[PDB]
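The lines below spell out each chain.
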Amino acid sequence: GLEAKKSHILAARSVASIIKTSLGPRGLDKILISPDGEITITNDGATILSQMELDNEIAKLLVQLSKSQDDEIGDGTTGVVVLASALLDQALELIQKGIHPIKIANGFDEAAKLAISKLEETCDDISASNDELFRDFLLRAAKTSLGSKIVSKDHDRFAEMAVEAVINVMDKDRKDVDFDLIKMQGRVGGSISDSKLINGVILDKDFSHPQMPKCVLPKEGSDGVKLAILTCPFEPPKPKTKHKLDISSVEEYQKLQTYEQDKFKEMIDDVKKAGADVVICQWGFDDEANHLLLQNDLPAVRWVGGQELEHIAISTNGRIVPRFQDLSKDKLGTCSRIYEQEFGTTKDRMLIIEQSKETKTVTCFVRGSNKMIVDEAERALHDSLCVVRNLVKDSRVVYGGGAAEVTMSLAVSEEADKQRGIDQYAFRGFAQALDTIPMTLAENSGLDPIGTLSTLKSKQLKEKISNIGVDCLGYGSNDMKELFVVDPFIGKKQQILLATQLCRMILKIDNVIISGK
Amino acid sequence: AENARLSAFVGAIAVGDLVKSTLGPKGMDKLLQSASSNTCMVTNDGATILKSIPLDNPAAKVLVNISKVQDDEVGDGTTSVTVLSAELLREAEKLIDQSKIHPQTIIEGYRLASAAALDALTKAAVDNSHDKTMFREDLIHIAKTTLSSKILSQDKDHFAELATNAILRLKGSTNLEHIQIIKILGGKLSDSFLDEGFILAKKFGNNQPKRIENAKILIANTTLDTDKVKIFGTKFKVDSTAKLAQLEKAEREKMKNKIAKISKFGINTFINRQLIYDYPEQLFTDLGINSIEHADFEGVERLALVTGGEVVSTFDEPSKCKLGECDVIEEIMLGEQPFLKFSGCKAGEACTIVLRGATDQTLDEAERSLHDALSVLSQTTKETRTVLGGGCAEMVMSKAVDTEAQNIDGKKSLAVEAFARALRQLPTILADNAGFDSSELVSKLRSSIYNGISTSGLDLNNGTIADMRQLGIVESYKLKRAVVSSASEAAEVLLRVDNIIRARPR
Amino acid sequence: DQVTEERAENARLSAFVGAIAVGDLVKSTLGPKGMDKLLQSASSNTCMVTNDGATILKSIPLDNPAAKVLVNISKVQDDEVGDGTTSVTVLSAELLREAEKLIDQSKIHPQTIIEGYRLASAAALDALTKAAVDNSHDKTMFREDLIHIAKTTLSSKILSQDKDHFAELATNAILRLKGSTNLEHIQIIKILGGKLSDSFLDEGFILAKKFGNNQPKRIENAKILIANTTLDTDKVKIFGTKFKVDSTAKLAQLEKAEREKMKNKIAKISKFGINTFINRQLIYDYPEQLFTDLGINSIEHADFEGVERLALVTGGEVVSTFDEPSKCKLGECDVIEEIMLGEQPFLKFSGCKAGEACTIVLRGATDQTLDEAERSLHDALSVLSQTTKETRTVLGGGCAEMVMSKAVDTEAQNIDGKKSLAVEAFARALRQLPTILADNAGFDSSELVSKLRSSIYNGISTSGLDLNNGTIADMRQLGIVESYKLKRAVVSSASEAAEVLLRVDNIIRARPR
Amino acid sequence: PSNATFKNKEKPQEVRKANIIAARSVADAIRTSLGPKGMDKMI
């Protein structure tokens, strides 16, 4: 009956109590232990719920909800999912009051519709501004929100490179953002402030022979080596089926080697006839073919993945080569400079390919002082092309940080008294639970939750500016406009809508039947 | 704070207390006894210690990754990296609980202290660069600082001349594969020899001469094992054994034609990657050419850097590629097994250091000493700044940390001063192994730097305060910056843990 | 066999953590703002919730001998202060914790650490003696300062919010005793029900017994007699006697002689001229009717503890051997009547002949407060009685521990050497006692204590910590003051007990029988 | 200016939580027996 309601709510309250300290830039990190012992330290609620022992299906629904939310903005994931959990406590009282669960779910849906028009009131328009202000706004927008962990001290070095990375991949005609073109690397050593940005593709793997020269000199061409991608395996042709070679004489058995010796020569000559220098493939090399490969000054790499060749094909602007018979001068790539650098002490090297002209392949060099930081860096390094994708899709820009949730709550609260009926205790219960985001910011910053609402009510109500919010950085002003706390309109709009759509299901749960796994 | 972080503080300190006896030049080595294979290893460096020890605390396993960073970058004195982070966890047990301060604020106090620590390391750095005459002579005393942290220090003055002449033969080579370290059982550490050439642990053939002058050495990746392997999925189709007996015998002459192509080079020495059959081995005797085999991978690679040659697979052209030449290749028997001693290399492309010791545990452990010492010599050539160690660097930073605490003031000064107090505990732990008075030595060093004397330092040999420049204690800026910046950020992540999630074991 | 012995390696760490683990429960009980604890007993399924560790730590089984001596010395604190005495175990635990960090840093021999506490305790006695204030020279301010002394010592229990109603209880009661230090004179009765503030101080005695049958509930101008003689059981003998008779005629004569035994016994009682009679044991039906025929009150079932309190409060004397009627004294009260307090009606006495003792009526909401108010009133007037003997007092409430820190810091400069580390460690551990007190009220123990530390060094003795407002307030304005005799025994015994625990290099566990 | 905090033990309710739950089971018992519309029990 109704006893199962508290069973699902207390299960979410235990999860919300754990991630309560995970909200805001001042929050703390959880350790994620794998069954094999691998340690993962991150503040992302989606990653914490990804690897964990979960019983109730509600915790699994939070992962499905985080999949669509992480694809919108990509920061402050804790300050989103937990907002829907606070509505269960307000709905628990409505169950004690006798309100039907459907009347509770339909009440949260109608109250969330008014938040669309109130949020777009004061939103700034960045489309009228030029590309200079577009880069200045995006630069200082993430600095507060982006880093929740570790490098969030020195993150200013990462923010400057994150803005210059999108300019190369995004043309000036309209605005277009593709986050699959820019890869994400990482290293263990040095310091976190040594990260650099080079225009081109960077392969983490190095040459397969010790005597291969590390750096290449410019030549009569673009100064590149005219890199080409060879998909065909490097080896003498082997029939995929069985082959029986009849040997009637010593010459027939000796000429079997003469074949592959000529195949190794013709394979290398075709590279010299076209003028190519560095040629990489997916498969390995032979023992005898490495000598003629080195003597002809033809650096090469083996066991190259297919995902890396995608960004390489964009930098070279060539074509994929299925067979050695397709090698030609017109199919060669165009690059500027290619350098190879050894990293920690004895650690392996990497091929950094530079592009003089503006291209769509930008690889940001990543360096870090701990392996746990690198696993943490996977979430921390690149949120950028997800955040700017919301700015380029919708030019409306608002200011977050807990300020807008209180403003839109008072707007719905005033509209709740106009409808009266059962919508009074309903809409007010929804707006009253939306203050948990700034209230949690008052937990880390050590501010009075009662004084938190009284401060924003004495300002955002009388004054039309809604930017008044909780300051966790310890400054002398609560205005988010001066402190440069920026969240995208359409991005934060989805975070509010998807959080309310979660209550259309959980609130209606009555009977649960779990069959054997 | 209480149940959230419990074993993260005391548990990490208990791990550092085990390696506390390993810190410092007067420290001692810990025995690592594995529960499996019944083996053992004796190592001072915490890279191997923390890796093989079972760690129930997840925070202790994080200390292994930060140890691997200092293992590759520095590798010597890495014990103080995890110990310095353990003292920050002890001070966090109070300020967070007793003083009731949010952990992020304590972290922010260390964040501002880390920025002030970098300013004290750069301004106090001493620039040794330009002329390499006094520079190389100073490298003798500069190396002795981090050269021996072990009980083997009796070899300091002996290996000081060998390590100095090692980089002299490299002539600016920053690759650690260009140096050859040989580990030989028996003898004494003072019996280590350094010559120009390479000494291989293999031997020559049966009839190969013991002394050959002006020999031309050439290696290759081919396989002389037997016959010809050809391609995959072959077979022999013949009418009878008359043709089959000829096919097997003719390929022995076909390989001789490849050996006849070797004779066109005029080389006096041949080296093969894989094993060699007796028939092509005897053909090398008729031509008077030495043979070397049984090299898995690096066997032919280590000799290529010394001789400066090139792997020739085809043997087609006696013009291009490379031909290496050594003055005297004579086989010289050292210890029990006979060794192949090369001398008079064509160039200084590589070098070889021979080490001898009675205990096998001394050979493996002292290998890391010269391996890390040459890395320091390469950093002193690149990075031109050096600092002074021996407990003095921690008190100099404490002067800058206490200075910044006066500007910040507030309640964050408790976290800033705790960072300075954590820097005061490192020389206390450093001098704890020597067994001398902590209150006497620290007070004389801490007060002397506030008086304007930065040349003082802790002397654990005589148990007093002496000049680090006279005793020859010098640390490069690359070594000091890598340890402080990593250890300051190592505990920064450990203080961010508000909960412990234990997964179900497999 | 099966003897587990720990050398100086294991015993040094195990002995220090033993007092810290169990000591964490008594750290939150310090001061009026301190909290309480709960204990689950496996027998009878009872519990005791109080801030005094004398009834807490005694019922907690512990295998660490370090806290065993801390429980035995609590009886000395139970004989002196009795309220808020957990600081003895808290300060001792801090001395063990600071010495544990002192041996891990200074690494001096433990005997040298003890020698530092010996010189540090001498400086603490000088600060308390020079700051001692004796107001007994003025009788007007002396009776008013007893209220200020009361307000400090009478805040323990959850009911301390009623201290304003309970301050008048101990103020007038200590004036009625006039030098009576014994609790046997003080009459403490428990009553279930009524409001928490309903407790009042009445002049007289309150008896929980009643009258058997015909005894009038209201008797005026009565002579109270206390007798240990046997009534209910009558003939019980205990001789070497046996009974042999020829016929049932003389059998009834023995019962007739039993009547003559009581008729001659009541005749000697009638010669006393008393309207009230009290027995230690029960009263048989036959003398019960004789008491009503002669107009004599009957009171029975007075135990060994209650038979004394009757004569001690009323000033009477327990009378036996009735053959001497005029050789003893008879108690007298103005009004003897039965009243109703709570559910059970009680017998009230008024106008006692001797005002040497008083009766404190205690009414409360729950049974948990019955034993809780008993512990708060265990030492109440006795604490005020010790102030009547030793009249030198000093401002308490956490400031006195800070005043002694200035004397220890001053003595540490004259000592110096390597023994000053243990002397300074005693000063650092002593300043942590008010720090834990500030932690109990949830206020700031960092900025406030730091200001109180500099205020003592600036020469202000009256500076202290305010519990209600959480600020710096003078103890003379708040009225927080403690006697010199109580605080001297708390600081000295805490340091003497800590010297023994630091001397344990071995722990031997014998095989249980 | 932040300061504040004053937390130390992070589970002050842990002792006072399950006891209210144990008291709620007793409290929910009288809710069914309250008023003339209530219910009876058997022991």
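Parameters at a glance
Residues numbered from 1 in each chain as written, not as in the entry; some residues may be left out. Chains lettered and ligands numbered in written order. Part of a larger assembly, values for the part shown. Heavy atoms only, no water. Helix = DSSP H or I, 4+ residues; strand = E, 2+ residues; numbered from the N terminus. Buried < 20%, exposed > 50% of the residue type's maximum accessible area, 1.4 Å probe, protein only. Contact = heavy atoms within 4.5 Å. Areas by Shrake-Rupley, 256 points an atom, 1.4 Å probe, with all protein chains shown as cover. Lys, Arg positive; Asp, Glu negative; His and termini not counted. Charge placed at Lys NZ, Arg CZ, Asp CG, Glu CD. Core = buried A, V, L, I, M, F, W, Y, C linked by side-chain atoms within 4.5 Å. Pairing = 2+ DSSP bridges. Buried area = accessible area lost by both parts, 1.4 Å probe. Salt bridge = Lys/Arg side-chain N within 4 Å of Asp/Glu carboxyl O. Polar contact = N/O pair within 3.5 Å; in protein donor to acceptor, adjacent residues only side chain to side chain. Domains from an automatic or database assignment. Expected span 1.5 Å × (residues − 1).

Draft legend 1. Representation of the overall build of chain B in the model. Looking only at helices and strands, one finds 16 helices and 18 strands in chain B. If one aligns the C-alpha atoms of chain B with their principal axes, the spans along those axes are about 100 × 60 × 40 Å. Scored against the burial criterion, the 506 residues of chain B give a buried share of 52%. For chain B, long-range pairs separated by at least 24 residues make up 75% of all intrachain contacts whose partners lie at least 6 apart in sequence. As displayed, chain B has an accessible area near 23800 Å², and 50% of this comes from carbon and sulfur atoms. Chain B carries 63 positive and 69 negative side-chain charges, and their two centres are separated by 4 Å.

Draft legend 2. Expanded view of the nonpolar core. Membership of the largest hydrophobic core comes to 59 residues, with the highest contact counts inside it found for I39 of chain A together with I106, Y110, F419 and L495 of chain B. Counting residues per element, this core draws most heavily on helix α16 (residues 477-494) of chain B, at 10 residues. Judged by nonpolar contacts, the second largest core, of 57 residues, contains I108, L128, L467 and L502 of chain C.

Draft legend 3. A look at the pairing of strand β11 (residues 345-350) of chain C. Residue and element names in this part refer to chain C. Note: strand β5 (residues 206-207) against β11, two bridges, orientation antiparallel. Considered in β11, the bridge of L207 is made with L347. Sheet analysis places strand β10 (residues 331-340) next to β11, joined by six bridges and oriented antiparallel. Within the sheet, the bridge partner assigned to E337 lies in β11 and is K348. In textbook terms, the turn of a hairpin is the stretch between consecutive antiparallel strands, and for β10 and β11 this stretch comprises four residues, one of which, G342, has a positive phi near 75 degrees.

Draft legend 4. Fine view of the interface of chain A and chain B. Taken together, the contact between chain A and chain B spans 61 residues of the former and 59 residues of the latter. Taking both sides of the interface into account, the surface hidden between chain A and chain B amounts to around 5700 Å²; carbon and sulfur atoms contribute 54%. Summed over the shared surface of chain A and chain B, the result is six salt bridges. Residue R26 of chain A pairs with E108 of chain B through a salt bridge whose shortest N-O separation is 3.5 Å. Along the contact surface separating chain A from chain B lie 22 residue pairs in polar contact. For the side of chain A that touches chain B, the elements supplying multiple residues, two or more each, are β1 (29-33), β2 (39-42), α8 (250-274), α9 (289-295) and α11 (371-380) of chain A. The dominant element in the side of chain A that touches chain B, judged by the number of residues it contributes, is α8 of chain A, at six residues.

Draft legend 5. A look at the arrangement of the chains. Ranked by contact count, the leading pair among the five pairs of chains in contact consists of chains A and B. Separated throughout, chain A and chain C approach each other most closely at a C-alpha pair spaced 13 Å apart.

Draft legend 6. The interface of chain B and chain C, seen in detail. On the chain C side, the residues contacting the nine residues of chain B number 10 residues. Buried area between chain B and chain C, both sides added, is near 840 Å², and the carbon and sulfur share of it is 39%. The largest contributions to the chain B side of the interface with chain C come from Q98, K100 and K411 of chain B, which together make up 41% of the buried area. Our count for the contact surface shared by chain B and chain C stands at four salt bridges. The partner of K107 of chain C in a salt bridge is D432 of chain B, and the shortest N-O contact between them spans 3.9 Å. Taken together, the connections running from chain B to chain C amount to two residue pairs in polar contact.

Draft legend 7. The arrangement of the domain arrangement of chain A in detail. Residues and elements named next belong to chain A. Its domain assignment divides chain A into domain 1 (1-126 + 396-517), domain 2 (127-199 + 360-395) and domain 3 (200-359). Facing the 28 residues of domain 1 at the interface are 25 residues of domain 2. Carbon and sulfur atoms make up 49% of the surface buried where domain 1 meets domain 2, a total of about 2400 Å² over both sides. Where domain 1 touches domain 2, the interface holds three salt bridges. When the shortest N-O distance is used, the salt bridge between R396 and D394 registers 3.2 Å.

Draft legend 8. A look at the sheet that holds strand β5 (residues 194-195) of chain B. Residues and elements named next belong to chain B. Spatial ordering of the open sheet is given by β4-β13-β5, a layout of three strands whose pairing is mixed. Edge positions in the open sheet fall to β4 (179-185) and β5, since each of these has one partner strand only. Note that β4 and strand β13 (residues 351-357) share seven bridges and pair parallel. Considered in β13, the bridge of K183 is made with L355.

Draft legend 9. Expanded view of helix α13 (residues 403-419) of chain A. All names here are of chain A. For α13, spanning 17 residues, the distance from its first C-alpha to its last is 26 Å, which sits close to the expected 24 Å at 1.5 Å a residue. Those residues of α13 that sit buried are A403, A404, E405, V406, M408, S409, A411, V412, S413 and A416. The inward-facing, buried residues of α13 contact α5 (101-119), α14 (423-432), α15 (436-445), α16 (449-460), α17 (480-483) and α18 (489-501). Looking at the residues trailing α13, positive phi occurs at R420, about 55 degrees.

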